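Step one of this worksheet: look at the structure below.
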Amino acid sequence: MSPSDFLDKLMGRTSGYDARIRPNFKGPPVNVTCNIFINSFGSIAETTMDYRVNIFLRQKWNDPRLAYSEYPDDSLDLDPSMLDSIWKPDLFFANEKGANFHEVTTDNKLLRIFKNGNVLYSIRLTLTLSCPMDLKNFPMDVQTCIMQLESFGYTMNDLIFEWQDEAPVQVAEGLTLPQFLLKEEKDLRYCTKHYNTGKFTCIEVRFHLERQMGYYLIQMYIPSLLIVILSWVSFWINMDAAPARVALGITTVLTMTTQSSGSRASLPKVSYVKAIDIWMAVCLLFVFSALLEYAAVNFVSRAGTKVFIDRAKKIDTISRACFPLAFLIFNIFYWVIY
Amino acid sequence: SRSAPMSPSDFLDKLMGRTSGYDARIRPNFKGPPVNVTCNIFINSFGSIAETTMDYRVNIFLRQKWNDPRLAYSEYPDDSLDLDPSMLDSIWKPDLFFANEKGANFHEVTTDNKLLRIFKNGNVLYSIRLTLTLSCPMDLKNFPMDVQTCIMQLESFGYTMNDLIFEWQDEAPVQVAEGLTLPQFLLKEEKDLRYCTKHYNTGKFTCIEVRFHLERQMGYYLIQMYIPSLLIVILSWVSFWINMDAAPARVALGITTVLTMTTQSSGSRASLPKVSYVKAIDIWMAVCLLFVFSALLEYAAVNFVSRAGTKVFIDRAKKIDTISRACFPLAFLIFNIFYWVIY
Amino acid sequence: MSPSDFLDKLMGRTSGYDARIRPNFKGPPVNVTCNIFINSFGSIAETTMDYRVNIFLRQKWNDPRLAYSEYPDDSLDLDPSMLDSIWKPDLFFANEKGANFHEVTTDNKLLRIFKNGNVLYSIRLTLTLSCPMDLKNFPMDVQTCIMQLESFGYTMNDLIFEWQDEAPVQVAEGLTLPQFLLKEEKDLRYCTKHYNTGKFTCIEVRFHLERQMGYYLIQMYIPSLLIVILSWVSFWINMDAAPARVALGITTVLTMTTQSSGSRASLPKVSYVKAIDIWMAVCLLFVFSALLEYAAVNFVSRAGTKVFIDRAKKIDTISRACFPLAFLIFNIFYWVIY
Amino acid sequence: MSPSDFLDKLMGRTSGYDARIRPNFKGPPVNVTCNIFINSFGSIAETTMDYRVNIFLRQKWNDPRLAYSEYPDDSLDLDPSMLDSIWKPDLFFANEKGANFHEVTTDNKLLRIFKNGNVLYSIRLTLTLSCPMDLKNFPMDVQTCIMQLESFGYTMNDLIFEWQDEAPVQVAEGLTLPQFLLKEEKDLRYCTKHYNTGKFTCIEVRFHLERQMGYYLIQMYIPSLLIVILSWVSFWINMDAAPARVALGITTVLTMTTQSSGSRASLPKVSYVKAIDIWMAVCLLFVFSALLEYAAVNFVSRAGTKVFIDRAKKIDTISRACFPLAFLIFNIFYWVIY
Amino acid sequence: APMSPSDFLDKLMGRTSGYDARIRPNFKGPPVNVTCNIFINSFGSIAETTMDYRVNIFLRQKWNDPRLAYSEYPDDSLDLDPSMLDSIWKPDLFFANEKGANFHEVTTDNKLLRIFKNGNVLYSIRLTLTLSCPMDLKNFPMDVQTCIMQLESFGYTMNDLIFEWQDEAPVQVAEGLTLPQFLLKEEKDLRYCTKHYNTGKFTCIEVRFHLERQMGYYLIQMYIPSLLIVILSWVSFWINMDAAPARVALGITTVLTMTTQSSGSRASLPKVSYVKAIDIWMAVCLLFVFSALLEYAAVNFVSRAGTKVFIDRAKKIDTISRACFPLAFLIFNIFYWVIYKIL
Ligand SMILES: C[C@H]1[C@H]2C(=O)N(C)c3ccncc3[C@H]2CN1S(=O)(=O)c1ccc2c(c1)OCO2
Ligand SMILES: C[C@H]1[C@H]2C(=O)N(C)c3ccncc3[C@H]2CN1S(=O)(=O)c1ccc2c(c1)OCO2
Ligand SMILES: C[C@H]1[C@H]2C(=O)N(C)c3ccncc3[C@H]2CN1S(=O)(=O)c1ccc2c(c1)OCO2
Ligand SMILES: C[C@H]1[C@H]2C(=O)N(C)c3ccncc3[C@H]2CN1S(=O)(=O)c1ccc2c(c1)OCO2
Ligand SMILES: C[C@H]1[C@H]2C(=O)N(C)c3ccncc3[C@H]2CN1S(=O)(=O)c1ccc2c(c1)OCO2
Ligand SMILES: *[C@@H]1O[C@H](CO)[C@@H](O)[C@H](O)[C@H]1NC(C)=O
Ligand SMILES: [Zn+2]
Ligand SMILES: [Zn+2]
Ligand SMILES: [Zn+2]
Ligand SMILES: [Zn+2]
Ligand SMILES: [Zn+2]
């Protein structure tokens, strides 16, 4: 039988096929088995609280109307134009903020039918998905970004989604993220929705994204240690040199306030304390105390008498050992906690 | 003799297709009273609240319900039928648009995110997923302790009040997805519903409205704005414990604190529209500018009265600092009592 | 007569209507009467020199072919799908940089026909329109933004536009702009174009936008007075304290240069002097002179002799009264001029 | 003859017209005569190295099939819907980075046919065109931005483009650019392309854009003179005041480094020396030398002896006349060169 | 007389032709061999942050369709109107690493269709593609990147459809095409990327461009203005030791400038969590400036008492540091530049 004629009798003019009617229409729900191949994964944005992904979305279901016997082939690879002629699930991504198909140089779609009327339908999609983030432990945080596959119009009695048993979520080889590590384990679960319009099938995959620490040492943690260590050189400087010790005390405090506000500059304006906020606040005290240390040294040494110049002397020889020690004690706590 | 039921293909053809004689260019009860459309929205997502562009984004399911006697059926016992959304093009449906929408789009991946359900008696349920960007004019007088009312107007474009009328559902008109959070605001449980009925030179058009109340969260602004400003004001005070002879130290300390406080002040408006009125944060930064600027003028006085090295004036200058060490922290504490209690 | 049949005889299959032919085709030009309702007005950008608007564009003309007698109704509200079946003007916005229709949840269009064949056609549009700006007096400037309604293909002998006599441009109640005031008076005029392709109808509406001064006091003028007043505290400071007076003189000059460049930072790079440039330049002199004042005080007082220390003393006691006075004299001039 | 019937017989059902076949199909190439009206000209971006333009693109050619005798009119203004029914050139802009048609409120298109079968076809387009820039002399530079009109599918034997003899490129009256001057002279030339697919017609127009100098005096050149003049006030300051002269020397150098990096901040990261880079580098030396001048004054005056204090004195009295003179000598050279 | 074009197209691929574009050439036979070549019209928007790059190309595909062979004209080939492309079968080539792509439709579809006597097809289409290009920034800004471009079939397995590059001149680049940040190396690697998914084995061919980053900007913007801050730190040693505020201020300002200089060098880059060549330089430049201040901490501390022995002991340090630091920094640059230019 010619392909042209075969398609016409299976789903075309002479077929009597109606794509407005689901498989097993009077019967039980259609079982759609999903699996995704992740071609690309990125644009993870804390500010807009979302992430971008390029996938092949594979759907599999049975349509008895599409079973065939005219060829011995186990399956037939059909031109995707025929996808408009057949029924197919109305899968949408519940947490999608934006999405598009791919049409260059032709519709990036795949349609394969099997002797027994099983269908394989792969489509390439780019999705931007919302990923609400808890930044409590930033930048030693770990985020769980999700992806929900849902039916828009079919209730649970007509259409049901399910993940493949074997290898539901595959990721392209050598796929890397510059800020995060994509953990091998993906959680799969049901998100089944109940609205006033009914109960709708929904299945979910959770990606775990562990943020890489390295950049923040280079950009945030090391250049702050360097400002705290700079505040300590004041104690080896002569007490008579007020402008020098004060200027050194001021500059370190103002650098540490811009350093502090600059650490939140690529983040959403969440109204809770983050792990980086703690560090910058504690680093603000250790620098701000260094100036108050000189306020004390300058004030007790007002009169030039030997008793007070040596009393003021005592403070610096203690502070030279106390602050580096106290800061070392703080880092022991801080890093071990996180 | 219980014969087989009518095929769906044939049934759709007789109800709204070729053989039906249905005309979607004609409303239900066309010569009669207006069509009553009952609306309800499910808020899937709520965000991108922008002070600068004075708007906000939302992803919703917009449910519309009305009666079309033409679509009543008796061929199946089912209370309702879930139809393929392709059939939405074949039937009449309201021309609802969002009056305050700055941008809007449908969702087509992986298919049109639409729902069509018809009932025995010809009632229709029509749900469509939409992303809308809606204008929300903001009063920033009390920023950042402000509370905004963002609205959403559902309106007919072509049907006057005698042909088409909108109305909110009595039970649960506006539902919000579970665990939906906004990082900057709290979305208040109470939503006001009201009529926005428009009169233009083209006629009187139905319009119904929902008002969301968004209370801004204070926390970030303590961390970013209020605490780092207290810290600059407290820094200005360490000048008074410093020896009066050290002019460059006290002056530098006085200058640096004033310039930090001007960049601090301009940086607080940097993510806001250029409104031409005084905000609550402008007050705080202006008062914080005085308490730091006065600290330098305090030393101008100490340096000036102590010109000659005589005991009488060095002690006179001494008097000022021992007063200022207690006065400014006290005066600033008195200001915060007022400021915070007012807002 | 049934509506279905009536539409079919007026503009459909059996009608013989041809939308490729204008009304009164062999006769005089079609008179299109325009009016706009401004739903929204904003995104006024100095940098890109344009502004955004959301309008209902109402067009009215007569089509004798669409006259009817089958119903007593003065007019009929038709489904907008019928707009494709009828002729209608080819109005475009000559100064539009971008524009779009509105399709959610259906085409935001209105079609109303009258017994005598008059048509009312309202369409919702979002337009971004170019508005060239003169920034000479910024930020005490006032801009005139325009909007040109023009025919693309019809010459003046076939199609003519005209504003409504009564209430051509309506604005939504309580519509506010945060940076400007939209003046009640709108100028209407003809922009009739002559190209090598012919003479084409064009009508224009000019909006007057007066910029609100308030922000610029808060952000620009007050924080500059504050830097000029800071430069003056140098004169009450002891002349022996060189580092203090110099540092105070320097910091005020550098703050005043960043203050000056920061005032143009949200503007296009026009190559002419603006009113804010004058103020920042004069404010730069009054601060820069304060440092040159100390250069003089430090230089004439080189030797510690009584004659020169008192000579240097003379300068500051003059400068303490002269600069505040001279600056007050400048503001009298400056503000009264603008 | 009725218009409806006339269009049917000329290009419609009964016409036998086939728009897949060019005019004079077995004969010589079709001569398309182009001319553009520039409605708008802007968004000239150094960073992305391109510019935006809104034009009416007029094309003229002869189609013997479209000649008519049924009306006395020299030409007929047809509804643009008829453009789909007729053959027309496949002109594209070879250097277009993005482009769009205009559809509000209808397709901004014009179709006019003449007795002898000549066609006039005007279409409104917005084009973003690439304009590679030489920034050697920035900001006293002059750029040549081009626009190439090319056929995509027709080789030179089937289709040839050519500019109008009279007035090929017209510009709207009072069209201004805030950063540049658009020079009256436009060069026209042939860009005829040879690819492995064949030899394709291409014609070009070159615009000359001379950058306006004014902004850069206000923003860049004057505020740098002001920092260089500030460095010179150090020489009138007492040599004993080390912190004052040093602070004044430092602040001027750091301001001059941010001033230098801030001058390239709106430019692409080209790897060659620009005219503004020279000026900022020379301005960096004259300020940096002023501090090295004090290093010398402070170092030779170590011991308080009269011989060295006067030796150090000598340097400043020379530097007070030398640097302003040397800088004046530099500007003579610099400005006269450019 | 010859056959009319209208009739000829109708018999070859139109109504009367019986052609079915849903069936590939040699459908029951071996795979279709598609020979690709690209002309690069433009190459740019290379972004480190988003880790991708833009390109405008003519994508030429060549294959044989026996159904399209003709004898009615002597012409070796026929240039057909691209509307006829919808009437014929053609490969489903897509760019595997494309992040975004579009066709060009102004003023008409930028497409080319040419058929030959023997049924060979030439099909050129203009495309703009944004392609992902993962970058290794270890040696930035003396780095060299390899950006790729993968041509792949979406639906045809290797037994039905195979891609292959042209032997002669597969990738042509427009004359005088320049990139402002990089040099595009003449040598392009071609290779096979043949993919195996759970849906099957799909043809894929690849071209690798080599982009060498130009050094010049970074001298002007990054390396020279940092040498200038390190040289500024050295003028402290020629300054009198008694002038504490001057030497300290000079020591501080240089350190803070060098921290903003350091953070500003990463400001146009993605937040990679590894050490780059510019990070090394800024860190070493931070030490040479930070040591200069610690040098004065030592000079100020050993000279506490005004005695001749210690003032001369402190004196010794500066006369060593005046020769040591410029020497030590020169020794560092010898190492640094030779490492990143002798490798
Ligand atoms: C056959 C369809 C649908 C329909 O159009 N009709 C006329 C009937 C008739 C009798 N009983 C049920 C129906 C519905 C349900 N079936 S369906 O299960 O194939 C179907 C088809 C399309 C759907 C849908 C359900 O929900 C979302 O869109
Ligand atoms: C039946 C329609 C509309 C129409 O087309 N015709 C021919 C008539 C005839 C007689 N009387 C009224 C009409 C109008 C009104 N009706 S309608 O109520 O169904 C209708 C239909 C569509 C509409 C509309 C009103 O306003 C918005 O767009
Ligand atoms: C009847 C139309 C137009 C046309 O298409 N034809 C065939 C003829 C035939 C005879 N005489 C004139 C015409 C022209 C002019 N008229 S029209 O005035 O209705 C018209 C119709 C469409 C137009 C237009 C003018 O300007 C551009 O778009
Ligand atoms: C007549 C067309 C084109 C064609 O379709 N056929 C069938 C033939 C037949 C015989 N000889 C030549 C052709 C070609 C050439 N002509 S054409 O010159 O009008 C033409 C038409 C369209 C074209 C084109 C050339 O190149 C670009 O796209
Ligand atoms: C002829 C097509 C396709 C088809 O539609 N039918 C009906 C049959 C019948 C018998 N054997 C195979 C087929 C398949 C395969 N062939 S095809 O090689 O021309 C083809 C055509 C289109 C394709 C495709 C393969 O891969 C996906 O897109
Ligand atoms: C769907 O199919 C899987 C096997 O493919 C089966 O295990 C599962 O139970 C099915 N679910 C339903 C509701 O039929
Ligand atoms: Zn897990
Ligand atoms: Zn309320
Ligand atoms: Zn006026
Ligand atoms: Zn020239
Ligand atoms: Zn190679």
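Ordering of the structure tokens sets the chain letters (A, B, ...); residue numbers start at 1 within each chain; ligands are numbered from 1 in the order shown.
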
Which residues are near residue 22 (chain A)? Cut-off 12 Å, only C-alpha atoms, ignore same chain within fewer than 3 positions. Put them as a ChimeraX atom specification.
/A:17-19,25-32,61-66,86-90,154,157-159 /B:8-9,82-84

Would you kindly report the residues of chain A within 7 Å of chain B, using only C-alpha atoms, as a list in words?
residues 18, 20, 90, 91, 92, 99, 100, 152, 153, 242, 243, 246, 247, 250, 261, 269, 270, 271, 272, 295, 298 and 299 of chain A

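Distances here use only C-alpha atoms; by that measure, the residue among A:245, A:165, A:151, A:42 closest to residue 202 (chain A) is A:151.
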
Show me, as a PyMOL selection string, the residues of chain E whose atoms get within 12 Å of chain C, using only C-alpha atoms for the distance check.
chain E and resi 243+245-246+249

Which residues of chain E sit at most 8 Å from ligand 11, using only C-alpha atoms and all ligand atoms? Give each one's shortest atom pair and distance in Å (one decimal place), in chain and ascending residue order, as CSV.
```
residue,atom,partner,partner_atom_place_in_ligand_line,distance
E:187,CA,ligand 11,1 (Zn),5.3
E:188,CA,ligand 11,1 (Zn),5.7
E:189,CA,ligand 11,1 (Zn),5.2
E:208,CA,ligand 11,1 (Zn),7.6
E:209,CA,ligand 11,1 (Zn),7.7
E:210,CA,ligand 11,1 (Zn),6.7
```

Just the selected residues (N, CA, C and O atoms), exported as a PDB file, in the first residue's frame, please.
```
ATOM      1  N   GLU E 187      41.477  28.586  10.334  1.00  0.00           N
ATOM      2  CA  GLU E 187      41.214  27.152  10.423  1.00  0.00           C
ATOM      3  C   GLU E 187      39.928  26.868  11.200  1.00  0.00           C
ATOM      4  O   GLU E 187      39.785  27.280  12.359  1.00  0.00           O
ATOM      5  N   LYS E 188      38.990  26.188  10.546  1.00  0.00           N
ATOM      6  CA  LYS E 188      37.773  25.704  11.193  1.00  0.00           C
ATOM      7  C   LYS E 188      37.820  24.186  11.216  1.00  0.00           C
ATOM      8  O   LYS E 188      38.025  23.561  10.179  1.00  0.00           O
ATOM      9  N   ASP E 189      37.634  23.589  12.389  1.00  0.00           N
ATOM     10  CA  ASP E 189      37.585  22.131  12.478  1.00  0.00           C
ATOM     11  C   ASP E 189      36.192  21.676  12.075  1.00  0.00           C
ATOM     12  O   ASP E 189      35.203  22.263  12.503  1.00  0.00           O
ATOM     13  N   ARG E 208      33.815  23.861  14.296  1.00  0.00           N
ATOM     14  CA  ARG E 208      34.391  24.536  15.452  1.00  0.00           C
ATOM     15  C   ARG E 208      35.174  25.768  15.013  1.00  0.00           C
ATOM     16  O   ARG E 208      36.129  25.655  14.245  1.00  0.00           O
ATOM     17  N   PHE E 209      34.764  26.935  15.502  1.00  0.00           N
ATOM     18  CA  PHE E 209      35.481  28.181  15.257  1.00  0.00           C
ATOM     19  C   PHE E 209      36.452  28.417  16.395  1.00  0.00           C
ATOM     20  O   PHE E 209      36.138  28.109  17.543  1.00  0.00           O
ATOM     21  N   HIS E 210      37.629  28.952  16.087  1.00  0.00           N
ATOM     22  CA  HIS E 210      38.595  29.301  17.132  1.00  0.00           C
ATOM     23  C   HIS E 210      38.718  30.816  17.280  1.00  0.00           C
ATOM     24  O   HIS E 210      39.071  31.517  16.331  1.00  0.00           O
TER      25      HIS E 210
END
```

Which residues are near ligand 5 - at most 6 Å, using only C-alpha atoms and all ligand atoms? Format: as a PyMOL selection string.
(chain A and resi 3+6-7+76-79) or (chain E and resi 22-24+27+155-156+160)

I'd like to know which residues of region 47-112 of chain D are strand (DSSP E) (by DSSP, run on the backbone); could you write them as a PyMOL selection string?
chain D and resi 50-62+75-78+91-93+96-101+109-112

Kindly provide the residues of chain C that approach ligand 9 to within 12 Å, each paired with its closest atom pair and their distance in Å to one decimal, based on only C-alpha atoms and all ligand atoms, listed by chain and increasing number, as JSON lines.
```
{"residue": "C:142", "atom": "CA", "partner": "ligand 9", "partner_atom_place_in_ligand_line": "1 (Zn)", "distance": 11.5}
{"residue": "C:143", "atom": "CA", "partner": "ligand 9", "partner_atom_place_in_ligand_line": "1 (Zn)", "distance": 11.0}
{"residue": "C:144", "atom": "CA", "partner": "ligand 9", "partner_atom_place_in_ligand_line": "1 (Zn)", "distance": 8.8}
{"residue": "C:145", "atom": "CA", "partner": "ligand 9", "partner_atom_place_in_ligand_line": "1 (Zn)", "distance": 11.3}
{"residue": "C:146", "atom": "CA", "partner": "ligand 9", "partner_atom_place_in_ligand_line": "1 (Zn)", "distance": 11.7}
{"residue": "C:182", "atom": "CA", "partner": "ligand 9", "partner_atom_place_in_ligand_line": "1 (Zn)", "distance": 11.8}
{"residue": "C:183", "atom": "CA", "partner": "ligand 9", "partner_atom_place_in_ligand_line": "1 (Zn)", "distance": 8.9}
{"residue": "C:184", "atom": "CA", "partner": "ligand 9", "partner_atom_place_in_ligand_line": "1 (Zn)", "distance": 9.4}
{"residue": "C:185", "atom": "CA", "partner": "ligand 9", "partner_atom_place_in_ligand_line": "1 (Zn)", "distance": 6.1}
{"residue": "C:186", "atom": "CA", "partner": "ligand 9", "partner_atom_place_in_ligand_line": "1 (Zn)", "distance": 6.3}
{"residue": "C:187", "atom": "CA", "partner": "ligand 9", "partner_atom_place_in_ligand_line": "1 (Zn)", "distance": 5.3}
{"residue": "C:188", "atom": "CA", "partner": "ligand 9", "partner_atom_place_in_ligand_line": "1 (Zn)", "distance": 9.0}
{"residue": "C:189", "atom": "CA", "partner": "ligand 9", "partner_atom_place_in_ligand_line": "1 (Zn)", "distance": 10.9}
{"residue": "C:205", "atom": "CA", "partner": "ligand 9", "partner_atom_place_in_ligand_line": "1 (Zn)", "distance": 10.2}
{"residue": "C:206", "atom": "CA", "partner": "ligand 9", "partner_atom_place_in_ligand_line": "1 (Zn)", "distance": 7.7}
{"residue": "C:207", "atom": "CA", "partner": "ligand 9", "partner_atom_place_in_ligand_line": "1 (Zn)", "distance": 8.1}
{"residue": "C:208", "atom": "CA", "partner": "ligand 9", "partner_atom_place_in_ligand_line": "1 (Zn)", "distance": 7.1}
{"residue": "C:209", "atom": "CA", "partner": "ligand 9", "partner_atom_place_in_ligand_line": "1 (Zn)", "distance": 10.6}
{"residue": "C:210", "atom": "CA", "partner": "ligand 9", "partner_atom_place_in_ligand_line": "1 (Zn)", "distance": 11.9}
```

Per DSSP on the backbone, what are the alpha helix (DSSP H) residues of region 48-267 of chain B, as a PyMOL selection string?
chain B and resi 219-221+227-236+247-267

Give me, as a PDB file with C-alpha atoms, in the first residue's frame, the contact residues of chain D against chain C at a cut-off of 9 Å, counting only C-alpha atoms.
```
ATOM      1  CA  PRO D   3     -13.005  47.204 -10.775  1.00  0.00           C
ATOM      2  CA  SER D   4     -13.821  43.745  -9.419  1.00  0.00           C
ATOM      3  CA  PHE D  37      12.671  57.890   2.126  1.00  0.00           C
ATOM      4  CA  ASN D  39      11.421  58.684   8.026  1.00  0.00           C
ATOM      5  CA  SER D  40      13.732  58.307  11.021  1.00  0.00           C
ATOM      6  CA  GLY D  42      18.802  56.806  15.223  1.00  0.00           C
ATOM      7  CA  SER D  43      19.834  54.302  17.877  1.00  0.00           C
ATOM      8  CA  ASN D  54      12.653  53.681   9.584  1.00  0.00           C
ATOM      9  CA  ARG D  58      10.118  52.288  -3.028  1.00  0.00           C
ATOM     10  CA  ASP D  77      -3.897  52.972  -6.933  1.00  0.00           C
ATOM     11  CA  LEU D  78      -4.659  49.354  -5.978  1.00  0.00           C
ATOM     12  CA  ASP D  79      -5.453  47.887  -2.545  1.00  0.00           C
ATOM     13  CA  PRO D  80      -2.260  46.272  -1.189  1.00  0.00           C
ATOM     14  CA  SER D  81      -4.027  42.909  -0.781  1.00  0.00           C
ATOM     15  CA  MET D  82      -3.336  42.631  -4.485  1.00  0.00           C
ATOM     16  CA  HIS D 102       4.394  47.679   9.911  1.00  0.00           C
ATOM     17  CA  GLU D 103       0.846  46.390  10.245  1.00  0.00           C
ATOM     18  CA  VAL D 104      -0.949  49.006  12.393  1.00  0.00           C
ATOM     19  CA  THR D 105      -3.623  49.831  11.662  1.00  0.00           C
ATOM     20  CA  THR D 106      -3.244  48.008   8.341  1.00  0.00           C
ATOM     21  CA  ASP D 107      -0.266  46.834   6.247  1.00  0.00           C
ATOM     22  CA  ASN D 108       1.796  49.966   5.598  1.00  0.00           C
ATOM     23  CA  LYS D 109       2.055  49.178   1.890  1.00  0.00           C
ATOM     24  CA  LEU D 110       1.400  50.946  -1.379  1.00  0.00           C
ATOM     25  CA  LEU D 111       0.714  49.452  -4.827  1.00  0.00           C
ATOM     26  CA  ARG D 112       0.349  51.561  -7.934  1.00  0.00           C
ATOM     27  CA  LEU D 120       5.334  51.300  -7.944  1.00  0.00           C
ATOM     28  CA  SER D 122       6.272  51.243  -1.448  1.00  0.00           C
ATOM     29  CA  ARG D 124       7.429  50.807   5.304  1.00  0.00           C
ATOM     30  CA  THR D 126      12.168  49.355  10.323  1.00  0.00           C
ATOM     31  CA  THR D 176      18.099  65.483  13.750  1.00  0.00           C
ATOM     32  CA  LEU D 177      20.455  63.171  15.605  1.00  0.00           C
ATOM     33  CA  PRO D 178      21.545  64.231  19.112  1.00  0.00           C
ATOM     34  CA  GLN D 179      25.098  62.795  18.906  1.00  0.00           C
ATOM     35  CA  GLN D 212      29.332  66.246  17.614  1.00  0.00           C
ATOM     36  CA  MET D 213      32.170  67.354  19.914  1.00  0.00           C
ATOM     37  CA  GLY D 214      30.211  69.441  22.441  1.00  0.00           C
ATOM     38  CA  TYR D 215      29.137  66.787  24.953  1.00  0.00           C
ATOM     39  CA  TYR D 216      32.701  65.548  25.347  1.00  0.00           C
ATOM     40  CA  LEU D 217      33.968  69.008  26.334  1.00  0.00           C
ATOM     41  CA  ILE D 218      31.205  69.234  28.934  1.00  0.00           C
ATOM     42  CA  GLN D 219      31.620  65.670  30.219  1.00  0.00           C
ATOM     43  CA  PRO D 223      36.341  68.216  33.920  1.00  0.00           C
ATOM     44  CA  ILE D 227      41.666  68.042  37.689  1.00  0.00           C
ATOM     45  CA  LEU D 230      43.766  71.284  40.713  1.00  0.00           C
ATOM     46  CA  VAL D 233      47.557  74.351  43.450  1.00  0.00           C
ATOM     47  CA  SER D 234      49.925  72.044  45.374  1.00  0.00           C
ATOM     48  CA  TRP D 236      51.468  77.368  46.026  1.00  0.00           C
ATOM     49  CA  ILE D 237      51.017  75.318  49.233  1.00  0.00           C
ATOM     50  CA  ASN D 238      53.664  75.317  51.993  1.00  0.00           C
ATOM     51  CA  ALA D 241      52.315  70.521  54.942  1.00  0.00           C
ATOM     52  CA  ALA D 242      53.007  66.957  53.739  1.00  0.00           C
ATOM     53  CA  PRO D 243      49.555  65.420  54.301  1.00  0.00           C
ATOM     54  CA  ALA D 244      47.858  68.294  52.420  1.00  0.00           C
ATOM     55  CA  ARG D 245      50.136  68.249  49.355  1.00  0.00           C
ATOM     56  CA  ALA D 247      46.415  64.011  49.715  1.00  0.00           C
ATOM     57  CA  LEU D 248      45.945  66.652  46.995  1.00  0.00           C
ATOM     58  CA  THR D 251      43.084  62.395  45.070  1.00  0.00           C
ATOM     59  CA  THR D 252      43.874  64.018  41.703  1.00  0.00           C
ATOM     60  CA  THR D 255      40.061  60.871  40.113  1.00  0.00           C
TER      61      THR D 255
END
```

Which residues of chain B sit at most 6 Å from ligand 2, using only C-alpha atoms and all ligand atoms? Give each one's shortest atom pair and distance in Å (one decimal place), in chain and ascending residue order, as CSV.
```
residue,atom,partner,partner_atom_place_in_ligand_line,distance
B:25,CA,ligand 2,21 (C),5.5
B:26,CA,ligand 2,19 (O),3.5
B:27,CA,ligand 2,19 (O),3.7
B:30,CA,ligand 2,18 (O),4.8
B:158,CA,ligand 2,27 (C),4.1
B:159,CA,ligand 2,27 (C),4.1
B:163,CA,ligand 2,18 (O),5.6
```

Interatomic distance, CA of residue 129 (chain E) to CA of residue 103 (chain E) (Å, one decimal)
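Atom-to-atom, CA of residue 129 (chain E) and CA of residue 103 (chain E) are spaced 9.1 Å apart.
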
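The spacing separating CA of residue 247 (chain E) from CA of residue 310 (chain E) amounts to 18.7 Å.
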
What does the distance from CA of residue 329 (chain A) to CA of residue 235 (chain A) come to in Å, to one decimal?
19.6 Å

Could you list, as a list in words, all the residues within 7 Å of ligand 8, counting only C-alpha atoms and all ligand atoms?
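The residues near ligand 8 are residues 190, 191, 192 and 213 of chain B.
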
For the selection you just gave me, I'd like the residues written to a file as a short mmCIF file (atom, residue, chain, number, x, y, z; two decimals), in the first residue's frame, keeping N, CA and C atoms.
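As written to disk, selection_24.cif reads:
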```cif
data_model
loop_
_atom_site.label_atom_id
_atom_site.label_comp_id
_atom_site.auth_asym_id
_atom_site.auth_seq_id
_atom_site.Cartn_x
_atom_site.Cartn_y
_atom_site.Cartn_z
N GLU B 190 -7.56 39.69 52.03
CA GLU B 190 -8.76 40.40 51.60
C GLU B 190 -8.54 41.06 50.24
N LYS B 191 -9.38 40.69 49.28
CA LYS B 191 -9.41 41.34 47.98
C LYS B 191 -10.73 42.09 47.85
N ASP B 192 -10.68 43.37 47.50
CA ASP B 192 -11.91 44.13 47.27
C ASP B 192 -12.40 43.82 45.86
N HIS B 213 -4.24 44.07 47.85
CA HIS B 213 -3.50 44.93 48.77
C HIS B 213 -2.12 44.36 49.06
#
```
